[PDB]
(Lines of atoms letter the chains of each structure in order from A and count residues from 1; the text may use other names and numbers.)
(Lines give C-alpha, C1' and ligand atoms only; values in the text may rest on other atoms or scores of the structure.)
Protein backbone atom coordinates (compact mmCIF):
# COMPACT_ATOMS: atom_id res chain seq x y z
CA UNK A 1 0.00 0.00 0.00
CA UNK A 2 0.94 3.68 -0.01
CA UNK A 3 0.04 6.10 2.78
CA UNK A 4 1.35 9.57 3.70
CA UNK A 5 2.61 9.77 7.29
CA UNK A 6 1.44 12.66 9.48
CA UNK A 7 4.29 12.48 12.00
CA UNK A 8 4.23 15.14 14.73
CA UNK A 9 0.66 16.25 14.00
CA UNK A 10 -2.89 15.00 13.73
CA UNK A 11 -4.20 13.17 10.70
CA UNK A 12 -7.36 15.25 10.14
CA UNK A 13 -8.17 13.46 6.86
CA UNK A 14 -11.73 14.13 5.71
CA UNK A 15 -13.46 10.83 5.00
CA UNK A 16 -14.50 10.17 1.39
CA UNK A 17 -17.81 8.64 0.28
CA UNK A 18 -17.70 4.90 0.99
CA UNK A 19 -14.78 4.92 3.45
CA UNK A 20 -14.93 3.43 6.97
CA UNK A 21 -14.83 5.46 10.18
CA UNK A 22 -13.33 3.30 12.93
CA UNK A 23 -14.40 3.75 16.53
CA UNK A 24 -13.02 1.99 19.57
CA UNK A 25 -15.16 1.79 22.69
CA UNK A 26 -12.10 1.46 24.96
CA UNK A 27 -9.59 3.90 23.39
CA UNK A 28 -11.94 6.71 22.33
CA UNK A 29 -12.51 9.77 24.51
CA UNK A 30 -16.11 9.54 23.22
CA UNK A 31 -18.34 8.34 20.35
CA UNK A 32 -17.31 11.20 18.04
CA UNK A 33 -13.69 9.98 18.03
CA UNK A 34 -12.82 8.22 14.76
CA UNK A 35 -9.91 6.78 12.77
CA UNK A 36 -9.36 6.51 9.03
CA UNK A 37 -8.16 3.38 7.18
CA UNK A 38 -4.69 4.92 6.76
CA UNK A 39 -4.35 5.22 10.53
CA UNK A 40 -6.37 2.50 12.26
CA UNK A 41 -3.97 -0.12 13.60
CA UNK A 42 -5.63 -3.47 14.36
CA UNK A 43 -2.81 -4.21 16.84
CA UNK A 44 -3.89 -1.33 19.10
CA UNK A 45 -7.40 -2.75 19.52
CA UNK A 46 -7.07 -6.58 19.54
CA UNK A 47 -8.82 -6.80 22.94
CA UNK A 48 -11.15 -3.87 22.28
CA UNK A 49 -14.68 -3.31 21.01
CA UNK A 50 -14.32 -1.70 17.60
CA UNK A 51 -16.94 -0.76 15.03
CA UNK A 52 -16.95 0.85 11.60
CA UNK A 53 -19.36 3.37 10.05
CA UNK A 54 -19.57 4.26 6.37
CA UNK A 55 -19.08 7.78 5.02
CA UNK A 56 -22.05 9.13 3.08
CA UNK A 57 -23.15 12.62 2.02
CA UNK A 58 -24.66 12.79 5.53
CA UNK A 59 -22.18 10.80 7.67
CA UNK A 60 -18.92 12.78 7.56
CA UNK A 61 -15.90 13.86 9.52
CA UNK A 62 -12.17 13.91 9.96
CA UNK A 63 -9.74 11.39 11.40
CA UNK A 64 -8.62 12.01 15.02
CA UNK A 65 -5.38 9.98 14.93
CA UNK A 66 -2.62 11.98 16.64
CA UNK A 67 -5.08 14.30 18.38
CA UNK A 68 -4.04 13.39 21.90
CA UNK A 69 -7.27 14.76 23.36
CA UNK A 70 -9.37 12.16 21.50
CA UNK A 71 -7.77 8.95 22.88
CA UNK A 72 -7.47 7.29 26.31
CA UNK A 73 -4.45 5.27 25.19
CA UNK A 74 -1.42 5.79 22.91
CA UNK A 75 -2.22 4.88 19.31
CA UNK A 76 0.39 3.54 16.93
CA UNK A 77 -0.62 5.00 13.62
CA UNK A 78 -0.58 2.29 10.91
CA UNK A 79 1.09 4.70 8.43
CA UNK A 80 4.23 4.72 10.58
CA UNK A 81 4.71 0.97 9.98
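Numbering follows the first chain given and starts at 1. Between two forms, the rigid core is the largest collection of C-alphas that superpose within 1.5 Å.
Higher-deviation stretch (C-alpha RMS, rigid core fit) in 8 other deposited structures of this protein, choosing from 49-57 and 35-43:
Comparing 49-57 with 35-43, the one that moves more in 8 other deposited structures of this protein is 49-57.
Farther-lying stretch by C-alpha RMS in 8 other deposited structures of this protein (rigid core fit) among 9-17, 59-67
It is 59-67 whose C-alphas lie farther from the shown form in 8 other deposited structures of this protein.
Going by the average Cα B-factor in the PDB entry, point out whether 46-54 or 31-39 comes out higher.
The stretch with the larger mean CA B-factor is 46-54.
Using the temperature factors of the C-alpha atoms in this entry, rank residue 25 within its chain: lowest, middle or highest third.
Its C-alpha B-factor belongs to the highest third of this chain's values.
Can you work out whether the C-alpha temperature factor of residue 72 puts it in the lowest, middle or highest third of the chain?
Highest third of the chain for residue 72's C-alpha B-factor.
Could you tell me which third, lowest, middle or highest, the C-alpha B-factor of residue 4 occupies within its chain?
Ranked within chain, residue 4 CA B lands in the highest tercile.
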